[PDB]
Peer 1: 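There's a structure below that I have some questions on.
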Number of protein chains: 2
Amino acid sequence: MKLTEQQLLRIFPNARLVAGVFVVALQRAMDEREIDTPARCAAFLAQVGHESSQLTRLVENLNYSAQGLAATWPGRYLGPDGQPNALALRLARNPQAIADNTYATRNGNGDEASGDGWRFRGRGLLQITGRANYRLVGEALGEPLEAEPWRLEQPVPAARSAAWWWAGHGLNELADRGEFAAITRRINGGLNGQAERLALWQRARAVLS
Amino acid sequence: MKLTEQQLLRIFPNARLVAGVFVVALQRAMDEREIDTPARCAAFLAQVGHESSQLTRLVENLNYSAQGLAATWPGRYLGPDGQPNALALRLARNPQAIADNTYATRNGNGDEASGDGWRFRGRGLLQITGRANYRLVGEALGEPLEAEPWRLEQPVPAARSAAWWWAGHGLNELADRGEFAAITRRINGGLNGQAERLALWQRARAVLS
């Protein structure tokens, strides 16, 4: 394989500003994890491109309204009334407080007071969340992700972390067989955004063919 | 008073990469705090110019060697053999750990495990350090500096925080009287870097005359 910046802009047009640095980051991460054929690369690029809004969103958005908190984490933020409860009202529209509360004690995070929920909110192309996962990924990649979680918003850690996760979940062999929807299920635990993933995938297959 | 980009670049030649994004910030901050004459403005720009390396260094550098630790905080990191002690060896060349230890429980910071020391390390033109000071200044500027301390590395909060501190410590009236060395003592508690402060001062006086 070989990916050209021309090919990137045709697949991720909204990455014009980042495509220059991402092209080397992606090419190297893809070689590193044997994402090494048009079929493997098209599937990989289609999935990470959906999950990262074409390389423009590498950090999770926690700007929820009180109604959004109640819809998203109802066991936490929905009252017996069908209305946002008092906790939802207290945290509404405050991303740091939302993450610090919602993700406390999740995936190796400390408690609310630790600030771990915000500190280790989702980052990357295929997003990594929680202290223990930043630790695990940082150690697999030889980068200081637990100490510097913001590194996952930068091209090389984002690309290498996504390629590592991809190859480690058997997604290369799924791509070999053309089982794209089965890849979507493994990444999403469902088929949310499948229509969008499929359109990116068919673009990428045409470009990389 | 009016301050032009070309004037700023004549006072701060090394500001060439940021002058365009600092000129309005500085003009507005100076107006806001009555830094409103050539003499007040020349003194202010000379001091913030020295303290920020002509607007090129808006966050403190904590990349110390074990020897630098011992030399900079001899009381904390220097040993009786004139050698860095064991704590200094532990922390050497790790800025996060250095800040977390050296500044813990300083200026409202928590302990070394809180991470306050690094989180609220020095930022701005006249540098602000420590949780309680970020909260003090954020509240006085109406900016969310305690929640987002990195904002003090941006032009408007850096300039406004420096103008607020300047006017709040009587330095406008000292500038009125030409008492430049008195200003240095209030900022530095000594006369360190006075040669460079005076050089910038006389330059600023000529440009703004």
Side-chain angles (χ1 to χ4, degrees), chain A residues 57-64 66 68-69 72-73 76-77 86-124 127-139 143-154 157 161, chain B residues 59-60 62 91 94-123 128-139 143-154 157:
Chain A
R57 191 178 27 68
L58 326 184
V59 66
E60 87 167 276
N61 181 340
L62 286 131
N63 190 3
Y64 293 90
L69 295 177
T72 298
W73 298 276
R76 232 172 259 259
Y77 303 134
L87 181 51
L89 298 180
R90 192 216 299 179
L91 308 182
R93 301 186 191 288
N94 189 322
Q96 291 198 30
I98 288 163
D100 283 345
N101 220 276
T102 312
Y103 297 147
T105 82
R106 183 64 68 250
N107 298 134
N109 280 346
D111 63 19
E112 190 181 35
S114 63
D116 273 357
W118 176 250
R119 184 144 41 245
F120 298 112
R121 65 197 186 279
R123 286 186 189 86
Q127 285 184 8
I128 306 310
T129 308
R131 180 182 283 282
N133 286 315
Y134 278 67
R135 171 168 240 267
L136 172 79
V137 179
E139 278 181 350
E143 336 182 292
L145 296 194
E146 182 174 6
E148 302 179 348
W150 47 270
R151 283 282 279 138
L152 266 176
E153 290 165 73
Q154 293 176 8
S161 63
Chain B
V59 58
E60 75 172 284
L62 286 132
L91 311 177
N94 181 349
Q96 288 200 41
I98 290 168
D100 286 343
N101 187 276
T102 312
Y103 300 144
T105 88
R106 172 216 182 180
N107 296 110
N109 282 333
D111 59 19
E112 206 220 323
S114 60
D116 276 355
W118 173 254
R119 191 147 40 249
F120 301 105
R121 63 197 186 277
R123 295 181 178 88
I128 309 306
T129 306
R131 173 179 288 280
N133 283 331
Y134 275 74
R135 189 173 178 176
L136 173 59
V137 177
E139 288 182 0
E143 290 170 345
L145 300 186
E146 183 184 5
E148 320 191 311
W150 45 267
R151 277 184 190 239
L152 268 179
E153 289 166 74
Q154 295 171 8

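These values consider heavy atoms only, across backbone and side chains, with no hydrogens, waters or symmetry-generated copies. Residue numbers start from 1 in every chain, and the chains themselves are labelled A, B, ... in the order their sequence lines are given, proteins ahead of strands.
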Peer 1: So which atom in A:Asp100 and which in A:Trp118 form the shortest heavy-atom distance, rounded to 0.1 Å?
Peer 2: OD1-N, 2.9 Å

Peer 1: With rounding to the nearest 0.5 angstrom, report the CG to CG distance, B:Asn107 to B:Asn133.
Peer 2: 4.5 Å

Peer 1: Taking atom CG of A:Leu152 and atom CG of A:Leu58, what is their separation to the nearest 0.5 Å?
Peer 2: 9.5 Å

Peer 1: Evaluate the side-chain proximity of B:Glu139 to B:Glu146: yes if any heavy-atom separation is below 4.5 Å, no if none is.
Peer 2: no

Peer 1: Please answer whether the main-chain N or O of A:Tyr103 pairs with a side-chain N or O of A:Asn109 as donor and acceptor at a distance below 3.5 Å.
Peer 2: yes

Peer 1: What closest approach, in Å, do A:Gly122 and A:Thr129 show between heavy atoms, and which atom pair accounts for it?
Peer 2: CA-OG1, 3.3 Å

Peer 1: Are A:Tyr77 and A:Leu91 close enough that some pair of their side-chain heavy atoms sits under 4.5 Å apart?
Peer 2: yes

Peer 1: For atom CZ of A:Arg106, decide whether the heavy atoms of other residues, nucleotides or ligands shown that lie under 6.0 angstrom number more than 12.
Peer 2: no

Peer 1: Of all the heavy-atom pairs spanning A:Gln127 and A:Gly124, show the shortest one and how long it is.
Peer 2: CG-O, 3.9 Å

Peer 1: Could you tell me whether the side chains of B:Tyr134 and B:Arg123 share a donor-acceptor contact shorter than 3.5 Å?
Peer 2: yes

Peer 1: Please tell me whether B:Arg151 and B:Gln154 have a donor and an acceptor in their side chains that are separated by less than 3.5 angstrom.
Peer 2: no

Peer 1: Keeping A:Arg119 on the side-chain end and A:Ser114 on the backbone end, is there a donor-acceptor pair under 3.5 Å?
Peer 2: yes

Peer 1: Indicate yes or no for a side-chain donor-acceptor contact from A:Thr102 to the backbone of A:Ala99 under 3.5 Å, with no hydrogens or angles considered.
Peer 2: no

Peer 1: Which pair of heavy atoms, one from B:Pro157 and one from B:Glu143, lies closest together, and at what distance?
Peer 2: CB-OE1, 3.3 Å

Peer 1: Minimum heavy-atom separation for A:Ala132 to A:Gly108, with atom names?
Peer 2: CB-CA, 3.8 Å

Peer 1: Please name the residue in the list B:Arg121, B:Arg135, B:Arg131 that meets the salt bridge (charged side-chain N to carboxylate O under 4.0 Å, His left out) test with B:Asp116.
Peer 2: B:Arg131

Peer 1: Do A:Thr72 side-chain atoms and A:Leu69 backbone N/O form a donor-acceptor pair below 3.5 Å?
Peer 2: no

Peer 1: Rounded to the nearest 0.5 Å, what separates atom CD1 in A:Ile98 from atom CZ in A:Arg76?
Peer 2: 12.0 Å

